[PDB]
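Structure below is upload_9.cif: mmCIF, C-alpha atoms.
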data_coords
loop_
_atom_site.label_atom_id
_atom_site.label_comp_id
_atom_site.auth_asym_id
_atom_site.auth_seq_id
_atom_site.Cartn_x
_atom_site.Cartn_y
_atom_site.Cartn_z
CA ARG U 2 -6.67 -6.36 -26.30
CA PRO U 3 -6.23 -7.81 -22.79
CA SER U 4 -9.00 -10.04 -21.52
CA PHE U 5 -9.78 -12.06 -18.42
CA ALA U 6 -12.86 -13.89 -17.13
CA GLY U 7 -14.37 -13.29 -20.57
CA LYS U 8 -14.25 -9.49 -20.22
CA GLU U 9 -12.00 -7.26 -22.33
CA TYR U 10 -9.93 -4.30 -21.10
CA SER U 11 -7.84 -1.59 -22.68
CA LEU U 12 -4.07 -1.57 -22.25
CA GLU U 13 -3.74 1.81 -20.52
CA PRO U 14 -0.43 3.71 -20.64
CA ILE U 15 1.45 5.03 -17.64
CA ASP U 16 3.30 8.25 -18.56
CA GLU U 17 6.97 8.95 -18.12
CA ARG U 18 5.71 11.76 -15.86
CA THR U 19 4.43 9.15 -13.41
CA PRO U 20 6.11 9.33 -9.99
CA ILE U 21 7.83 6.36 -8.37
CA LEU U 22 7.02 5.49 -4.77
CA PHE U 23 9.02 3.52 -2.20
CA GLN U 24 8.05 2.84 1.39
CA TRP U 25 10.02 2.42 4.61
CA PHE U 26 8.14 1.92 7.90
CA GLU U 27 10.63 1.65 10.74
CA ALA U 28 9.63 0.03 14.04
CA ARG U 29 13.00 0.59 15.79
CA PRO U 30 14.67 3.69 14.33
CA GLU U 31 16.82 3.87 17.46
CA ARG U 32 18.88 0.95 16.15
CA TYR U 33 20.53 3.20 13.55
CA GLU U 34 23.86 4.75 14.43
CA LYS U 35 23.81 8.53 14.83
CA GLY U 36 24.08 10.49 11.57
CA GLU U 37 22.52 7.81 9.31
CA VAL U 38 19.26 8.11 7.37
CA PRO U 39 17.15 5.47 9.21
CA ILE U 40 16.51 3.35 6.12
CA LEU U 41 18.16 -0.09 6.04
CA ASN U 42 21.25 0.02 3.78
CA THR U 43 23.34 -3.12 4.35
CA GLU U 45 23.07 -7.37 1.95
CA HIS U 46 19.99 -5.08 1.63
CA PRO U 47 20.98 -1.79 -0.07
CA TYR U 48 17.49 -0.26 0.16
CA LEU U 49 18.67 3.32 0.69
CA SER U 50 21.08 2.85 -2.22
CA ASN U 51 18.37 1.41 -4.50
CA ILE U 52 16.12 4.39 -3.76
CA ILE U 53 18.96 6.87 -4.37
CA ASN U 54 19.95 4.99 -7.52
CA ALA U 55 16.36 5.10 -8.79
CA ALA U 56 16.24 8.86 -8.31
CA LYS U 57 19.59 9.07 -10.11
CA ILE U 58 18.39 7.05 -13.12
CA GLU U 59 14.87 8.50 -13.40
CA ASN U 60 16.11 12.08 -13.35
CA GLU U 61 12.85 13.28 -14.97
CA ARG U 62 10.58 11.79 -12.27
CA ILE U 63 9.92 12.41 -8.59
CA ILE U 64 10.91 9.49 -6.34
CA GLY U 65 8.87 9.54 -3.16
CA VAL U 66 9.53 7.50 -0.04
CA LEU U 67 6.57 7.17 2.32
CA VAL U 68 8.11 6.80 5.78
CA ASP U 69 6.79 6.15 9.27
CA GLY U 70 8.19 5.44 12.72
CA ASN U 71 9.28 7.39 15.78
CA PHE U 72 12.18 9.23 14.11
CA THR U 73 14.22 11.66 16.22
CA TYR U 74 14.98 15.28 15.35
CA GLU U 75 18.42 14.19 14.14
CA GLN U 76 16.97 11.49 11.90
CA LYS U 77 14.39 13.91 10.43
CA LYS U 78 17.30 16.25 9.69
CA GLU U 79 19.15 13.38 8.03
CA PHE U 80 16.07 13.00 5.79
CA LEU U 81 16.06 16.70 4.88
CA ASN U 82 19.75 16.40 4.05
CA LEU U 83 18.92 13.55 1.66
CA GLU U 84 16.21 15.69 0.06
CA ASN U 85 18.72 18.51 -0.33
CA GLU U 86 21.37 16.33 -1.96
CA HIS U 87 19.21 14.45 -4.50
CA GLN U 88 16.65 17.12 -5.35
CA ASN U 89 14.02 14.78 -6.87
CA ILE U 90 13.65 12.58 -3.76
CA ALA U 91 10.62 13.48 -1.67
CA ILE U 92 10.42 12.12 1.88
CA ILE U 93 6.74 11.90 2.83
CA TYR U 94 5.83 11.20 6.44
CA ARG U 95 2.74 9.03 6.87
CA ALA U 96 1.46 11.24 9.69
CA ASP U 97 1.45 14.31 7.39
CA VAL U 98 -0.78 12.62 4.78
CA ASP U 99 -4.54 13.10 4.58
CA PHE U 100 -6.04 9.57 4.48
CA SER U 101 -9.39 10.68 5.91
CA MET U 102 -11.37 9.98 2.75
CA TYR U 103 -10.68 6.23 3.13
CA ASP U 104 -11.60 5.74 6.79
CA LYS U 105 -14.38 3.90 8.60
CA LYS U 106 -15.18 3.45 12.32
CA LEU U 107 -13.94 0.08 13.72
CA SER U 108 -17.25 -0.19 15.68
CA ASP U 109 -19.29 -0.11 12.46
CA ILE U 110 -17.28 -2.98 10.92
CA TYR U 111 -17.82 -5.08 14.06
CA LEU U 112 -21.47 -4.05 14.43
CA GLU U 113 -22.32 -4.95 10.82
CA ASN U 114 -20.79 -8.39 11.29
CA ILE U 115 -22.37 -8.85 14.73
CA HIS U 116 -25.80 -8.09 13.24
CA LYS U 117 -25.13 -10.46 10.32
CA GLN U 118 -24.38 -13.35 12.70
CA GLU U 119 -27.30 -12.53 15.02
CA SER U 120 -29.71 -12.76 12.06
CA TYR U 121 -29.16 -16.48 11.58
CA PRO U 122 -31.64 -18.72 13.42
CA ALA U 123 -30.42 -19.84 16.85
CA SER U 124 -29.66 -23.38 15.58
CA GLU U 125 -26.93 -22.06 13.26
CA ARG U 126 -26.03 -18.87 15.09
CA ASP U 127 -22.29 -19.38 15.97
CA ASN U 128 -22.12 -18.00 19.47
CA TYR U 129 -18.37 -18.47 19.78
CA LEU U 130 -17.74 -16.11 16.85
CA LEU U 131 -20.31 -13.67 18.26
CA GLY U 132 -18.46 -13.71 21.58
CA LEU U 133 -15.18 -12.96 19.79
CA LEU U 134 -16.83 -10.11 17.82
CA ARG U 135 -18.47 -8.48 20.86
CA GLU U 136 -15.23 -8.63 22.84
CA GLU U 137 -13.41 -6.87 20.01
CA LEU U 138 -16.11 -4.17 19.87
CA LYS U 139 -15.82 -3.56 23.62
CA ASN U 140 -12.02 -3.30 23.52
CA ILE U 141 -11.81 -0.54 20.88
CA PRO U 142 -9.69 2.18 22.56
CA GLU U 143 -11.47 5.41 23.46
CA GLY U 144 -11.03 8.04 20.76
CA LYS U 145 -9.35 5.56 18.36
CA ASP U 146 -12.48 4.11 16.74
CA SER U 147 -10.91 4.29 13.28
CA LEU U 148 -9.79 1.64 10.82
CA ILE U 149 -6.85 3.80 9.72
CA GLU U 150 -5.79 4.91 13.22
CA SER U 151 -5.81 1.28 14.36
CA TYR U 152 -3.28 0.41 11.66
CA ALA U 153 -1.28 3.62 12.27
CA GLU U 154 -0.34 2.43 15.77
CA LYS U 155 0.52 -1.15 14.84
CA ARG U 156 4.24 -1.76 14.42
CA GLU U 157 4.58 -5.05 12.48
CA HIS U 158 4.16 -5.75 8.78
CA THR U 159 0.39 -5.09 8.48
CA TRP U 160 1.28 -1.51 9.44
CA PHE U 161 3.39 -1.35 6.25
CA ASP U 162 0.87 -3.30 4.14
CA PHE U 163 -2.18 -1.22 5.07
CA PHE U 164 -0.55 2.11 4.19
CA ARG U 165 1.01 0.76 1.03
CA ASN U 166 -2.55 0.20 -0.24
CA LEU U 167 -3.70 3.66 0.86
CA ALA U 168 -0.63 5.34 -0.65
CA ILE U 169 -1.28 3.80 -4.05
CA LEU U 170 -4.92 4.89 -3.83
CA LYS U 171 -3.64 8.43 -3.33
CA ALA U 172 -0.97 7.97 -6.07
CA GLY U 173 -0.31 11.39 -7.67
CA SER U 174 -2.30 13.19 -4.97
CA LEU U 175 0.14 11.86 -2.35
CA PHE U 176 2.89 13.97 -3.95
CA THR U 177 0.90 17.06 -4.92
CA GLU U 178 -0.49 17.41 -1.39
CA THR U 179 3.10 18.11 -0.26
CA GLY U 180 5.21 20.93 -1.81
CA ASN U 186 4.93 17.99 -12.82
CA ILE U 187 2.24 15.87 -11.19
CA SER U 188 -1.53 16.02 -11.05
CA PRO U 189 -3.60 14.71 -8.07
CA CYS U 190 -5.27 12.42 -10.63
CA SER U 191 -2.09 10.82 -11.94
CA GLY U 192 -0.97 7.27 -11.15
CA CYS U 193 2.22 6.04 -9.55
CA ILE U 194 4.76 3.28 -9.85
CA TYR U 195 5.16 1.56 -6.47
CA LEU U 196 8.38 -0.40 -6.07
CA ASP U 197 9.70 -2.55 -3.27
CA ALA U 198 12.99 -1.19 -1.98
CA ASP U 199 14.92 -4.38 -2.88
CA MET U 200 14.51 -3.55 -6.59
CA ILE U 201 17.17 -2.07 -8.81
CA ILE U 202 16.43 0.06 -11.84
CA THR U 203 18.96 -0.40 -14.67
CA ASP U 204 18.27 2.48 -17.09
CA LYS U 205 14.99 4.40 -17.53
CA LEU U 206 11.53 2.81 -17.65
CA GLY U 207 9.84 4.76 -20.41
CA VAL U 208 6.10 4.34 -20.81
CA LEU U 209 4.38 1.40 -19.11
CA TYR U 210 1.20 -0.37 -20.18
CA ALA U 211 -1.32 -1.98 -17.84
CA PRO U 212 -4.68 -3.67 -18.40
CA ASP U 213 -7.47 -1.39 -17.16
CA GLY U 214 -4.79 0.88 -15.72
CA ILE U 215 -3.30 -1.52 -13.14
CA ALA U 216 -0.54 -4.11 -13.23
CA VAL U 217 1.16 -5.88 -10.32
CA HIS U 218 4.17 -8.08 -9.60
CA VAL U 219 2.94 -9.56 -6.31
CA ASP U 220 1.20 -12.70 -4.91
CA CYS U 221 -2.24 -14.05 -3.97
CA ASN U 230 10.36 -7.98 -5.13
CA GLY U 231 6.94 -6.39 -5.52
CA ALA U 232 5.75 -3.71 -7.91
CA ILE U 233 2.32 -2.14 -8.34
CA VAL U 234 1.54 0.38 -11.08
CA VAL U 235 -1.71 2.32 -11.48
CA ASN U 236 -2.56 4.84 -14.16
CA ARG U 237 -4.56 7.08 -11.76
CA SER U 238 -5.39 7.78 -8.15
CA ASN U 239 -8.32 5.95 -6.53
CA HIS U 240 -8.04 3.10 -8.99
CA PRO U 241 -11.16 0.89 -8.68
CA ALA U 242 -9.12 -2.31 -8.22
CA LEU U 243 -7.62 -0.90 -5.03
CA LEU U 244 -10.97 0.50 -3.86
CA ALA U 245 -12.26 -3.10 -4.08
CA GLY U 246 -9.68 -4.09 -1.49
CA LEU U 247 -10.53 -1.10 0.73
CA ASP U 248 -14.14 -2.29 0.57
CA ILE U 249 -13.03 -5.66 1.96
CA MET U 250 -11.00 -3.92 4.70
CA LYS U 251 -14.30 -2.16 5.55
CA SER U 252 -16.48 -5.29 5.76
CA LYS U 253 -14.32 -8.24 6.84
CA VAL U 254 -13.16 -8.24 10.51
CA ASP U 255 -10.10 -10.54 9.88
CA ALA U 256 -9.16 -8.48 6.73
CA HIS U 257 -5.37 -8.74 6.19
CA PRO U 258 -4.18 -5.66 4.22
CA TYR U 259 -2.00 -7.68 1.88
CA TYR U 260 -4.03 -10.86 1.31
CA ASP U 261 -7.44 -9.16 1.44
CA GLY U 262 -6.79 -5.43 0.90
CA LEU U 263 -4.56 -6.01 -2.14
CA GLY U 264 -4.95 -9.55 -3.51
CA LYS U 265 -8.64 -10.33 -2.98
CA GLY U 266 -9.55 -6.78 -3.97
CA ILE U 267 -7.78 -6.90 -7.33
CA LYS U 268 -9.15 -10.43 -7.89
CA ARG U 269 -12.72 -9.29 -7.13
CA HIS U 270 -12.36 -6.29 -9.45
CA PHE U 271 -11.46 -8.59 -12.33
CA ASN U 272 -14.16 -11.16 -11.42
CA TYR U 273 -11.60 -13.82 -10.59
CA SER U 274 -13.11 -16.96 -9.07
CA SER U 275 -12.26 -20.59 -8.33
CA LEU U 276 -13.27 -21.42 -11.93
CA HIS U 277 -10.26 -19.49 -13.22
CA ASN U 278 -6.59 -20.31 -13.45
CA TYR U 279 -4.33 -18.31 -11.16
CA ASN U 280 -1.45 -18.68 -13.66
CA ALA U 281 -3.69 -17.12 -16.32
CA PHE U 282 -4.70 -14.28 -14.00
CA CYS U 283 -1.04 -13.72 -13.09
CA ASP U 284 -0.07 -13.63 -16.76
CA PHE U 285 -2.87 -11.13 -17.42
CA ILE U 286 -2.12 -8.67 -14.55
CA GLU U 287 1.67 -9.13 -14.43
CA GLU U 289 4.02 -6.15 -14.26
CA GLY U 290 7.38 -6.69 -15.96
CA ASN U 291 10.12 -4.35 -17.29
CA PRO U 292 13.70 -5.09 -18.43
CA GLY U 293 14.90 -1.96 -16.59
CA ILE U 294 14.03 -3.44 -13.15
CA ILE U 295 16.20 -6.27 -11.80
#
As structure tokens, how would this structure be written, given the file I've shared?
Amino acid sequence: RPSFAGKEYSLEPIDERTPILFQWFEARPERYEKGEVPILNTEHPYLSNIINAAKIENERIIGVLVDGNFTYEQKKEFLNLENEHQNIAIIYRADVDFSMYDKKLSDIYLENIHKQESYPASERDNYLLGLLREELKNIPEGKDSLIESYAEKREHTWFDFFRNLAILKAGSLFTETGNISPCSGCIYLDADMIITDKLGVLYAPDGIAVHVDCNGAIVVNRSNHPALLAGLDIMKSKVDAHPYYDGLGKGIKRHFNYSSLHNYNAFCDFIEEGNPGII
């Protein structure tokens, strides 16, 4: 049985019923010519990979979590794609309930402000405290929300933050639209990946495996997997908190009790996600 940091874990299976999830967060949808689904499809055949995956895995649902200021015409191009390939679900980030994961931005800053203020004045770190208080004061009115603050960003931490939250939701991300249980896992794939014939059943230590760093893939055997909740917990306590490096990497590392005493190549070997069907 799989083991790491001295502790043993079961190799949990991920059903052939498990949905597959892609993500496309588009900061300039107005660059796409009229009549095209606003997913990059050049050199980078992301829209083709997604369509191909839904072709191959005919017994699964292939979701694409999308976000960006898409026009009426682009939204109708999405519905046309759903109507062609009838196992592709286009899920808009703004229609998803993420409320169970949120936390006020002010409480994250306040908890860190209080932590720094509790050191004796000779060690206090007043420059950091000045940076923290300025961030607390500049929280926009009515947007005192960890999730809302990432919803309005438009660079790659926008994508990264909601990738983590989508995999937390896993099966429940699909069922809360309109087969799959809210408690089932998901297979998250980067859009640059090509499936070459079906995946079958997957196996993951403690129900999670990843092909990512700390061509990505994350697989979980259930929603609200504890290794992703560990990363959420860092997003809720650490002001800097990068969604990828902290919300994904450090979280999964902390869940498995990884430390500087361990070998990253051993950890990687232990958590790795590989399949011969995925190029």
Contacts of range 261-264 of chain U at 9 Å (all atoms listed in the file; same-chain gap of 4+ positions) as a list in words: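 Near range 261-264 of chain U, the qualifying residues are residues 162, 163, 166, 219, 220, 221, 242, 243, 244, 245, 246, 247, 248, 249, 250, 253, 255, 256, 257, 268 and 269 of chain U.
Of the residues under consideration (U:6, U:194, U:216, U:83), U:6 shows the shortest atom-to-atom contact distance to residue 277 in chain U when counting only C-alpha atoms.
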Please write the residues picked by the PyMOL selection byres ((chain U and resi 91-101) around 8) on this file as a PyMOL selection string. chain U and resi 63-69+80-81+84+88-90+102-104+149+167+175+178-179
Okay, now the selection with C-alpha atoms, as a compact mmCIF listing (two decimals), in the frame of the given file?
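Saved result, result_27.txt, follows:
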# COMPACT_ATOMS: atom_id res chain seq x y z
CA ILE U 63 9.92 12.41 -8.59
CA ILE U 64 10.91 9.49 -6.34
CA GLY U 65 8.87 9.54 -3.16
CA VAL U 66 9.53 7.50 -0.04
CA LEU U 67 6.57 7.17 2.32
CA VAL U 68 8.11 6.80 5.78
CA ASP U 69 6.79 6.15 9.27
CA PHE U 80 16.07 13.00 5.79
CA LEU U 81 16.06 16.70 4.88
CA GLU U 84 16.21 15.69 0.06
CA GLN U 88 16.65 17.12 -5.35
CA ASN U 89 14.02 14.78 -6.87
CA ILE U 90 13.65 12.58 -3.76
CA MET U 102 -11.37 9.98 2.75
CA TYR U 103 -10.68 6.23 3.13
CA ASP U 104 -11.60 5.74 6.79
CA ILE U 149 -6.85 3.80 9.72
CA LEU U 167 -3.70 3.66 0.86
CA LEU U 175 0.14 11.86 -2.35
CA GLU U 178 -0.49 17.41 -1.39
CA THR U 179 3.10 18.11 -0.26
On this structure, which residues satisfy the PyMOL selection byres ((chain U and resi 40) around 9), written as a ChimeraX atom specification? /U:25-27,30,33,37-39,41-42,48-49
Just C-alpha atoms for this one: save the residues we selected as an mmCIF file, in the frame of the given file.
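Result file selection-v6.cif:
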data_model
loop_
_atom_site.group_PDB
_atom_site.id
_atom_site.type_symbol
_atom_site.label_atom_id
_atom_site.label_comp_id
_atom_site.auth_asym_id
_atom_site.auth_seq_id
_atom_site.Cartn_x
_atom_site.Cartn_y
_atom_site.Cartn_z
ATOM 1 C CA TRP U 25 10.020 2.420 4.610
ATOM 2 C CA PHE U 26 8.140 1.920 7.900
ATOM 3 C CA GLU U 27 10.630 1.650 10.740
ATOM 4 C CA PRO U 30 14.670 3.690 14.330
ATOM 5 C CA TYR U 33 20.530 3.200 13.550
ATOM 6 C CA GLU U 37 22.520 7.810 9.310
ATOM 7 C CA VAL U 38 19.260 8.110 7.370
ATOM 8 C CA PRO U 39 17.150 5.470 9.210
ATOM 9 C CA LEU U 41 18.160 -0.090 6.040
ATOM 10 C CA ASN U 42 21.250 0.020 3.780
ATOM 11 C CA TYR U 48 17.490 -0.260 0.160
ATOM 12 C CA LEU U 49 18.670 3.320 0.690
#
What separation in Å, quoted to one decimal, exists between CA of residue 281 in chain U and CA of residue 218 in chain U?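 It comes out at 13.7 Å.
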Under the PyMOL selection byres ((chain U and resi 153) around 10), which residues of this model are included? Write them out as a ChimeraX atom specification. /U:69-70,95-96,147-152,154-156,159-161,163-164
Just write the chosen residues, C-alpha atoms, as a compact mmCIF listing (two decimals), in the frame of the given file.
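See again_13.txt below for the written result:
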# COMPACT_ATOMS: atom_id res chain seq x y z
CA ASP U 69 6.79 6.15 9.27
CA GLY U 70 8.19 5.44 12.72
CA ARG U 95 2.74 9.03 6.87
CA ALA U 96 1.46 11.24 9.69
CA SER U 147 -10.91 4.29 13.28
CA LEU U 148 -9.79 1.64 10.82
CA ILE U 149 -6.85 3.80 9.72
CA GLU U 150 -5.79 4.91 13.22
CA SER U 151 -5.81 1.28 14.36
CA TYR U 152 -3.28 0.41 11.66
CA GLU U 154 -0.34 2.43 15.77
CA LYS U 155 0.52 -1.15 14.84
CA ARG U 156 4.24 -1.76 14.42
CA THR U 159 0.39 -5.09 8.48
CA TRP U 160 1.28 -1.51 9.44
CA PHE U 161 3.39 -1.35 6.25
CA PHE U 163 -2.18 -1.22 5.07
CA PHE U 164 -0.55 2.11 4.19
Work out where the centre of an axis-aligned box around every listed atom of range 63-68 of chain U lies and how long its edges are once 6 Å is added on each side; give both in Å to one decimal as JSON.
{"center_x": 8.7, "center_y": 9.6, "center_z": -1.4, "size_x": 16.3, "size_y": 17.6, "size_z": 26.4}
